[PDB]
Number of protein chains: 2
Amino acid sequence: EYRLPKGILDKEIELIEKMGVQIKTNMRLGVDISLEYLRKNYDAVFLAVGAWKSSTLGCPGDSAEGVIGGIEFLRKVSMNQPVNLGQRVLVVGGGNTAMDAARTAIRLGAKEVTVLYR
Amino acid sequence: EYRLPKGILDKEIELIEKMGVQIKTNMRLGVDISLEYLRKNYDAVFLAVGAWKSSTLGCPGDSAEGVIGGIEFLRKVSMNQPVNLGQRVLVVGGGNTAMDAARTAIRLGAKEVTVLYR
């Protein structure tokens, strides 16, 4: 939020909806609807699902209690859902996700945030 | 059709639709839509799917080319889809489906229709 407030995003999405686009939220493909249904009742189908699965540490013990994906953590913080963030946080990576996670952890009260890059 | 014309049925279904009921045809449960989606976005779910699978002859050779279910045959005739009805038809059973199939086969030009009942 400190880099992109969501009011602006909401306003622009309302602008897109005002053009006749109908947005059916909470409708996941492969759970709520199938691809074949879309192919049957729509002239064209565009898929823009993004890359919504984070990369694990790729080391033994990367499934313990206290390891979380960067985008999963950021999505939890965005929805105001509780995160079990301690006082010593290690952000592994050097991309935009790592920086955002580190600064969000700083803003969430973590006393020490360290970023480790290969 | 000779026992219940479909114009009357269409008129009554239009009457039901005129009360605010919305009918989403060509929407099969488990293929186009899922039960869990219905449970998620509806206060109540009623299931009235009927008994739409016919009973096979239960004898060896009941999967040959020229054996068809009674209600599958009647559904094909109702939709005006082609049926490979010969000239000697054997309707096995004694229910309403058997009578309807036999009389429809008579009306479809079969020279001999016989009904076999246990």
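Naming: A, B, ... by sequence-line order, numbering from 1 per chain.
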Interface residues of [range] facing chain A - heavy atom cut-off under 4.5 Å:
{"range": "residues 32-48 of chain B", "answer": "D32(B), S34(B), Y37(B), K40(B)"}
{"range": "residues 72-110 of chain B", "answer": "none"}
{"range": "residues 2-27 of chain B", "answer": "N26(B), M27(B)"}

Q: Verify the cluster assignment for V115(B) and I68(B): are they in a single hydrophobic cluster under the rule of side-chain heavy atoms below 4.5 Å apart?
A: yes
Donor-acceptor list for residues 56-66 of chain A side chains, cut-off 3.5 Å, not counting sequence neighbours:
residue	atom	partner	partner atom	Å
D62(A)	OD2	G58(A)	N	3.2
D62(A)	OD2	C59(A)	N	3.3

